[PDB]
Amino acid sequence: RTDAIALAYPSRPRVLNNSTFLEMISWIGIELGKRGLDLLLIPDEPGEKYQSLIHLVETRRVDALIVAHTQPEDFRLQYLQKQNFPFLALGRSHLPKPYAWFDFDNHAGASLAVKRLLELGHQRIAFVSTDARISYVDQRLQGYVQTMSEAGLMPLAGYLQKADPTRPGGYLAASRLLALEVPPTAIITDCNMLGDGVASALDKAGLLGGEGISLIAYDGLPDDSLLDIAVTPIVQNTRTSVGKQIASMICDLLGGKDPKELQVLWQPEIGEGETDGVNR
């Protein structure tokens, strides 16, 4: 026993390495530290070759691994499973057999936001999806497409919009949505940064709140938004909450229990806001 845990995250795409991410790391460390375990941090070189991970796995400098930014086909989880090294995956990849994972129901989150706008009378619901190959994105995407599919709605051209997950990302997304022959009457963004962007553009044009275009944003507006509007959110869960949930599973894993049973899936909820309204 070494009593060290490694957390592996890729340096690229930089944008996804944000303050909320650093916060989760922060609490991974504290909570493992509460339970007497050290946190080895391994950022992956721009390249995604994961040499230091392998080094760690071969050299056994570490008891188990925490894997951030899961992809649907993720080569480093594949490597781990293959090598029968203990790991907890923060996300869900496709793998030939069971594995230890922790994730939120993204599919359900996006669905919730569709179900809500439908119930309010909207049919032209657009969706702004982050342009990254991380599992959570496909899943939020899948939510929106499938839910729209059910209740028989062919989503119109340009309504599914891919954006670099940034305020400028959302702003331009919004600009494109507003420019279509028949613009959407409500928008969903799949992150808070896109949310603030979409929100700012709609604000500039006077189309936010009121009889204007409705908006649902995953995680609401950023803590540092310049808008004084309550944007209806898809609420996940605090970072302190998840950091502790992770340390709890790592200890259980080291206790040597079947991955089959370390599959925790938390459910997002739909919050309150001034921004989801009846279709006019």
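Heads up: residue numbers just count along the shown sequence, starting at 1.
Two stretches are in play, 68 to 76 and 166 to 174, and the higher mean C-alpha B-factor belongs to 68 to 76. As listed in the deposited structure, the average C-alpha B-factor of 106 to 114 and of 80 to 88 is greater for 80 to 88.
In the PDB entry, the Cα temperature factor peaks, among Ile213, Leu37, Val231, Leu227, at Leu37. Highest C-alpha temperature factor among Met154, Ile188, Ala201, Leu180, as the PDB entry reports it: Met154. Ranked against the other modelled residues of its chain, the C-alpha B-factor of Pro98 as given in the entry falls in the highest third. Sort the modelled residues of the chain by CA B factor and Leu262 lands in the highest third. Sort the modelled residues of the chain by CA B factor and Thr130 lands in the lowest third. Split the chain's modelled residues into thirds by C-alpha temperature factor. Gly220 is in the lowest one.
Sort the chain's modelled residues by C-alpha temperature factor and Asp138 lands in the middle third, per the entry.
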